[PDB]
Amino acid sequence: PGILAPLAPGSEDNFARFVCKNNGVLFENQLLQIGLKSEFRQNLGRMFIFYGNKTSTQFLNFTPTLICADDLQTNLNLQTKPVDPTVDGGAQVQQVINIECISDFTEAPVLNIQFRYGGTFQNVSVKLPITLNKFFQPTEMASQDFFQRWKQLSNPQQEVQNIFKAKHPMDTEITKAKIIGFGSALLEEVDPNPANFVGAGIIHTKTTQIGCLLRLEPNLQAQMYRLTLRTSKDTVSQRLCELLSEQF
């Protein structure tokens, strides 16, 4: 792919809208719209990436490449077939990416798109939202069971916390929906403070599954949250906490 564009502005804000949801526009400018629709089950996924030519002029040598770090490539298997290199004016084309999670991962793939448009050369780079929580599935459990598991994860490096300013209104119902969207079960009457949220789930990867517990604590007067994750793996607590911290 030769010289690669630096990540488009808005790439990171956009990437964050795709963590608890599967459907959306990932990138759009005056020439091109990139849309996604995905679904996951256990350690697998299927993503549809749609490329729309918003102009009256054909794109030639239209070349989407997915670019992964050397470690990412060992943790995540992406399979696709490239699009035809010519995209007509007004057309939307697509590709299907078949995804297999081999083990826990923290980096995101980059989608790089290059093409000719008239006499110009176009180069777009954006982060692809394939994230560890996409392999996160809910675990329902009573309070007693929760606290047993919580107390088993008492090593310092198993726990990660973050304190942050709410980006959105601290809307109870929407907060519950994003926790669910993230892949967690929402467990009621575990924290005796009814303002607090508690979650459990399991990450499903080809080689190992990791049990995860979470607690979110809003302070509506201060407009701030504390999120605590405990998992058996420091990298998994880290990643899920960073991800989940950007949702509220």
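Residues carry their position along the shown sequence, with the first being 1.
Engineer: When the C-alpha temperature factors are averaged for each of 58-66 and 34-42, which stretch ends up with the higher value in the entry?
Structural biologist: In the deposited entry, the stretch with the higher C-alpha B-factor mean is 58-66.
Engineer: On mean C-alpha B-factor from the PDB entry, just flag whether 105-113 or 81-89 is the higher one.
Structural biologist: It is 81-89.
Engineer: For the C-alpha B-factor as written in the entry, point me to the maximum among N155, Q161, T175, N133.
Structural biologist: Result of the comparison over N155, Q161, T175, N133: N155.
Engineer: Which one of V126, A142, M170, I97 shows the biggest C-alpha B-factor in the PDB entry?
Structural biologist: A142 has the highest C-alpha B-factor of those listed.
Engineer: For the chain shown, is the CA B-factor of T235 in the lowest, middle or highest third of its modelled residues?
Structural biologist: It belongs to the middle third of the chain when residues are ordered by C-alpha B-factor.
Engineer: Name the third of the chain's ranked CA B-factors that contains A16, choosing lowest, middle or highest.
Structural biologist: Highest third of the chain for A16's C-alpha B-factor.
Engineer: Would you mind ranking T207 by its C-alpha B-factor against the rest of the chain and naming the third, lowest, middle or highest?
Structural biologist: Lowest third.
Engineer: Tell me, lowest, middle or highest third: where does the Cα B factor of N53 rank within its chain?
Structural biologist: Middle third by C-alpha B-factor.
Engineer: Where does the C-alpha B-factor of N219 rank in its chain, lowest, middle or highest third?
Structural biologist: It belongs to the lowest third of the chain when residues are ordered by C-alpha B-factor.
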